[PDB]
Number of protein chains: 2
Amino acid sequence: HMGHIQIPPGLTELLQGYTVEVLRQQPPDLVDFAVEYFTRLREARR
Amino acid sequence: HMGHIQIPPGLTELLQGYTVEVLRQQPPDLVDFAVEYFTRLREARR
């Protein structure tokens, strides 16, 4: 349970957008906003 | 719909932990991991 790699792929871009959203609409809460925004991202293509 | 501030409070620390989790357990997916980890954070205190 130690691992030898420390580079989260697709983590930068994804997070980046976050700052672009939470700021373009400063939500009343992040935790909840993170679950709603991401929970939907799974069905984005829809 | 423009806003004049650009500093998400409580956003750094929160995100920081993320990198500490997604890396200490490289999940099979971030989006879903973001919704599960955060969706639960709301009931953390529990």
# chains A, B, ... in the order shown; residues from 1 in each chain; ligands from 1
>>> residues_around(residues="region 21-34 of chain B", least_positions_apart="6", cutoff="12 Å", atoms="only C-alpha atoms", output="ChimeraX atom specification")
/A:1-15,18,30-44 /B:14-15,40-41
>>> calpha_fit_and_write(fixed="chain B", moving="chain A", output="compact mmCIF listing (two decimals) with N, CA and C atoms, in the first residue's frame")
# COMPACT_ATOMS: atom_id res chain seq x y z
N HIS A 1 -23.36 38.75 -15.16
CA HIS A 1 -22.76 37.38 -15.13
C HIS A 1 -21.26 37.46 -15.42
N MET A 2 -20.57 38.36 -14.77
CA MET A 2 -19.10 38.49 -15.01
C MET A 2 -18.34 38.27 -13.70
N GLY A 3 -18.74 38.93 -12.65
CA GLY A 3 -18.04 38.75 -11.34
C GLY A 3 -16.77 39.60 -11.33
N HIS A 4 -16.25 39.89 -10.17
CA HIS A 4 -15.01 40.71 -10.08
C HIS A 4 -13.98 40.03 -9.17
N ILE A 5 -14.33 38.91 -8.60
CA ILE A 5 -13.38 38.21 -7.70
C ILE A 5 -12.89 36.91 -8.35
N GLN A 6 -11.71 36.47 -8.01
CA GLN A 6 -11.18 35.22 -8.61
C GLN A 6 -10.37 34.44 -7.57
N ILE A 7 -10.93 34.24 -6.40
CA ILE A 7 -10.19 33.49 -5.34
C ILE A 7 -11.14 32.54 -4.61
N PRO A 8 -11.13 31.31 -5.04
CA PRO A 8 -12.00 30.27 -4.43
C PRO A 8 -11.48 29.89 -3.04
N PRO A 9 -12.22 30.27 -2.04
CA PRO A 9 -11.84 29.97 -0.64
C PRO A 9 -12.11 28.50 -0.31
N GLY A 10 -11.29 27.91 0.53
CA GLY A 10 -11.50 26.49 0.91
C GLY A 10 -11.37 25.60 -0.33
N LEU A 11 -10.91 26.14 -1.42
CA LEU A 11 -10.76 25.32 -2.66
C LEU A 11 -9.38 24.66 -2.69
N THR A 12 -8.36 25.38 -2.31
CA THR A 12 -6.99 24.79 -2.31
C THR A 12 -6.95 23.55 -1.42
N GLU A 13 -7.03 23.75 -0.14
CA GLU A 13 -6.99 22.59 0.80
C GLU A 13 -7.84 21.44 0.26
N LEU A 14 -9.12 21.65 0.10
CA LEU A 14 -10.00 20.57 -0.43
C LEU A 14 -9.31 19.86 -1.61
N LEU A 15 -9.05 20.58 -2.67
CA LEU A 15 -8.38 19.94 -3.84
C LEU A 15 -7.11 19.22 -3.40
N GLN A 16 -6.26 19.88 -2.65
CA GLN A 16 -5.01 19.23 -2.19
C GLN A 16 -5.30 17.79 -1.73
N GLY A 17 -6.12 17.64 -0.73
CA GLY A 17 -6.45 16.27 -0.25
C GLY A 17 -6.72 15.37 -1.45
N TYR A 18 -7.56 15.81 -2.36
CA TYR A 18 -7.86 14.99 -3.56
C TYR A 18 -6.59 14.33 -4.09
N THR A 19 -5.64 15.12 -4.51
CA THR A 19 -4.37 14.54 -5.04
C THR A 19 -3.81 13.52 -4.05
N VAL A 20 -3.97 13.77 -2.78
CA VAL A 20 -3.44 12.81 -1.76
C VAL A 20 -4.27 11.52 -1.77
N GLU A 21 -5.50 11.59 -2.20
CA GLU A 21 -6.34 10.35 -2.22
C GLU A 21 -6.20 9.64 -3.56
N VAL A 22 -6.63 10.27 -4.61
CA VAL A 22 -6.54 9.65 -5.96
C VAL A 22 -5.16 9.02 -6.17
N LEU A 23 -4.15 9.52 -5.52
CA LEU A 23 -2.79 8.93 -5.70
C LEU A 23 -2.57 7.79 -4.71
N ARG A 24 -3.00 7.94 -3.48
CA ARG A 24 -2.80 6.86 -2.48
C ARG A 24 -3.71 5.67 -2.79
N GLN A 25 -4.48 5.74 -3.84
CA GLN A 25 -5.39 4.61 -4.18
C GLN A 25 -5.79 4.66 -5.66
N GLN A 26 -5.03 5.37 -6.46
CA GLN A 26 -5.36 5.47 -7.93
C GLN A 26 -6.64 4.70 -8.26
N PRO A 27 -7.74 5.40 -8.16
CA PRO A 27 -9.06 4.78 -8.45
C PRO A 27 -9.20 4.47 -9.95
N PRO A 28 -10.12 3.60 -10.25
CA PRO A 28 -10.36 3.20 -11.65
C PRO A 28 -10.99 4.35 -12.44
N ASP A 29 -11.38 5.40 -11.77
CA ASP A 29 -11.99 6.55 -12.49
C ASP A 29 -12.09 7.76 -11.55
N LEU A 30 -11.82 8.94 -12.06
CA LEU A 30 -11.89 10.15 -11.20
C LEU A 30 -13.34 10.64 -11.10
N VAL A 31 -13.91 11.05 -12.21
CA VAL A 31 -15.32 11.54 -12.18
C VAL A 31 -16.13 10.77 -11.14
N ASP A 32 -16.27 9.49 -11.33
CA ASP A 32 -17.04 8.67 -10.36
C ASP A 32 -16.40 8.76 -8.97
N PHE A 33 -15.09 8.70 -8.90
CA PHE A 33 -14.41 8.80 -7.58
C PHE A 33 -14.68 10.17 -6.96
N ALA A 34 -14.77 11.19 -7.77
CA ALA A 34 -15.03 12.55 -7.24
C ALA A 34 -16.45 12.62 -6.67
N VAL A 35 -17.38 11.99 -7.33
CA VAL A 35 -18.78 12.00 -6.84
C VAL A 35 -18.91 11.15 -5.58
N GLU A 36 -18.29 10.00 -5.56
CA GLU A 36 -18.38 9.13 -4.36
C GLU A 36 -17.63 9.75 -3.18
N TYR A 37 -16.38 10.08 -3.36
CA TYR A 37 -15.59 10.68 -2.24
C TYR A 37 -16.29 11.94 -1.72
N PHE A 38 -16.65 12.84 -2.59
CA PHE A 38 -17.33 14.09 -2.13
C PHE A 38 -18.74 13.79 -1.61
N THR A 39 -19.53 13.10 -2.39
CA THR A 39 -20.92 12.78 -1.92
C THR A 39 -20.87 12.30 -0.47
N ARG A 40 -19.85 11.57 -0.10
CA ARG A 40 -19.75 11.07 1.30
C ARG A 40 -19.22 12.18 2.21
N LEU A 41 -18.29 12.96 1.74
CA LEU A 41 -17.74 14.06 2.59
C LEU A 41 -18.88 14.83 3.25
N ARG A 42 -20.00 14.95 2.59
CA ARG A 42 -21.15 15.69 3.18
C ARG A 42 -21.58 15.02 4.49
N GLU A 43 -21.45 13.73 4.58
CA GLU A 43 -21.85 13.02 5.83
C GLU A 43 -20.61 12.64 6.65
N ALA A 44 -19.47 13.14 6.27
CA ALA A 44 -18.22 12.81 7.02
C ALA A 44 -18.50 12.78 8.52
N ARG A 45 -18.76 13.93 9.08
CA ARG A 45 -19.02 14.01 10.54
C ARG A 45 -19.71 12.74 11.05
N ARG A 46 -20.58 12.18 10.26
CA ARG A 46 -21.29 10.94 10.69
C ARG A 46 -20.28 9.90 11.19
>>> select_by_dssp(residues="chain B", states="helix (DSSP H, G or I)", output="list in words")
residues 11, 12, 13, 14, 15, 16, 17, 18, 19, 20, 21, 22, 23, 24, 30, 31, 32, 33, 34, 35, 36, 37, 38, 39, 40 and 41 of chain B
>>> write_last_selection(atoms="N, CA, C and O atoms", output="CSV table (one decimal), in the first residue's frame")
chain,number,residue,atom,x,y,z
B,11,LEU,N,-10.9,26.1,-1.4
B,11,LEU,CA,-10.8,25.3,-2.7
B,11,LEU,C,-9.4,24.7,-2.7
B,11,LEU,O,-9.2,23.5,-3.1
B,12,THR,N,-8.4,25.4,-2.3
B,12,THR,CA,-7.0,24.8,-2.3
B,12,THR,C,-6.9,23.6,-1.4
B,12,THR,O,-6.8,22.4,-1.9
B,13,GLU,N,-7.0,23.7,-0.1
B,13,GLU,CA,-7.0,22.6,0.8
B,13,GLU,C,-7.8,21.4,0.3
B,13,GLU,O,-7.3,20.4,0.0
B,14,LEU,N,-9.1,21.7,0.1
B,14,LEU,CA,-10.0,20.6,-0.4
B,14,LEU,C,-9.3,19.9,-1.6
B,14,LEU,O,-9.0,18.7,-1.6
B,15,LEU,N,-9.0,20.6,-2.7
B,15,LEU,CA,-8.4,19.9,-3.8
B,15,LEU,C,-7.1,19.2,-3.4
B,15,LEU,O,-6.9,18.1,-3.7
B,16,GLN,N,-6.3,19.9,-2.7
B,16,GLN,CA,-5.0,19.2,-2.2
B,16,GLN,C,-5.3,17.8,-1.7
B,16,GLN,O,-4.8,16.8,-2.3
B,17,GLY,N,-6.1,17.6,-0.7
B,17,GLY,CA,-6.5,16.3,-0.3
B,17,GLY,C,-6.7,15.4,-1.5
B,17,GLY,O,-6.2,14.3,-1.6
B,18,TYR,N,-7.6,15.8,-2.4
B,18,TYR,CA,-7.9,15.0,-3.6
B,18,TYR,C,-6.6,14.3,-4.1
B,18,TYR,O,-6.5,13.1,-4.1
B,19,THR,N,-5.6,15.1,-4.5
B,19,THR,CA,-4.4,14.5,-5.0
B,19,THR,C,-3.8,13.5,-4.1
B,19,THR,O,-3.2,12.5,-4.4
B,20,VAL,N,-4.0,13.8,-2.8
B,20,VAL,CA,-3.4,12.8,-1.8
B,20,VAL,C,-4.3,11.5,-1.8
B,20,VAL,O,-3.8,10.5,-1.4
B,21,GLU,N,-5.5,11.6,-2.2
B,21,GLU,CA,-6.3,10.4,-2.2
B,21,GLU,C,-6.2,9.6,-3.6
B,21,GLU,O,-5.7,8.5,-3.6
B,22,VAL,N,-6.6,10.3,-4.6
B,22,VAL,CA,-6.5,9.7,-6.0
B,22,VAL,C,-5.2,9.0,-6.2
B,22,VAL,O,-5.0,8.1,-6.9
B,23,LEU,N,-4.1,9.5,-5.5
B,23,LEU,CA,-2.8,8.9,-5.7
B,23,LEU,C,-2.6,7.8,-4.7
B,23,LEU,O,-2.0,6.8,-5.0
B,24,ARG,N,-3.0,7.9,-3.5
B,24,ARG,CA,-2.8,6.9,-2.5
B,24,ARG,C,-3.7,5.7,-2.8
B,24,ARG,O,-3.7,4.7,-2.1
B,30,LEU,N,-11.8,8.9,-12.1
B,30,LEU,CA,-11.9,10.2,-11.2
B,30,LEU,C,-13.3,10.6,-11.1
B,30,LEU,O,-13.9,10.7,-10.0
B,31,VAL,N,-13.9,11.0,-12.2
B,31,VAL,CA,-15.3,11.5,-12.2
B,31,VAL,C,-16.1,10.8,-11.1
B,31,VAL,O,-16.6,11.3,-10.2
B,32,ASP,N,-16.3,9.5,-11.3
B,32,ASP,CA,-17.0,8.7,-10.4
B,32,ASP,C,-16.4,8.8,-9.0
B,32,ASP,O,-17.1,8.9,-8.0
B,33,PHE,N,-15.1,8.7,-8.9
B,33,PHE,CA,-14.4,8.8,-7.6
B,33,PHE,C,-14.7,10.2,-7.0
B,33,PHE,O,-14.8,10.3,-5.8
B,34,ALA,N,-14.8,11.2,-7.8
B,34,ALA,CA,-15.0,12.6,-7.2
B,34,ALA,C,-16.5,12.6,-6.7
B,34,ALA,O,-16.7,13.2,-5.6
B,35,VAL,N,-17.4,12.0,-7.3
B,35,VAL,CA,-18.8,12.0,-6.8
B,35,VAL,C,-18.9,11.1,-5.6
B,35,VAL,O,-19.6,11.5,-4.6
B,36,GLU,N,-18.3,10.0,-5.6
B,36,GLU,CA,-18.4,9.1,-4.4
B,36,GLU,C,-17.6,9.8,-3.2
B,36,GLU,O,-18.2,9.9,-2.1
B,37,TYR,N,-16.4,10.1,-3.4
B,37,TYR,CA,-15.6,10.7,-2.2
B,37,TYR,C,-16.3,12.0,-1.7
B,37,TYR,O,-16.5,12.1,-0.5
B,38,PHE,N,-16.7,12.9,-2.6
B,38,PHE,CA,-17.3,14.1,-2.1
B,38,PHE,C,-18.8,13.8,-1.6
B,38,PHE,O,-19.1,14.2,-0.5
B,39,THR,N,-19.5,13.1,-2.4
B,39,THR,CA,-20.9,12.8,-1.9
B,39,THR,C,-20.9,12.3,-0.5
B,39,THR,O,-21.8,12.6,0.3
B,40,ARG,N,-19.9,11.6,-0.1
B,40,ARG,CA,-19.8,11.1,1.3
B,40,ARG,C,-19.2,12.2,2.2
B,40,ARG,O,-19.7,12.3,3.3
B,41,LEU,N,-18.3,13.0,1.7
B,41,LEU,CA,-17.7,14.1,2.6
B,41,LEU,C,-18.9,14.8,3.3
B,41,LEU,O,-18.8,15.3,4.4
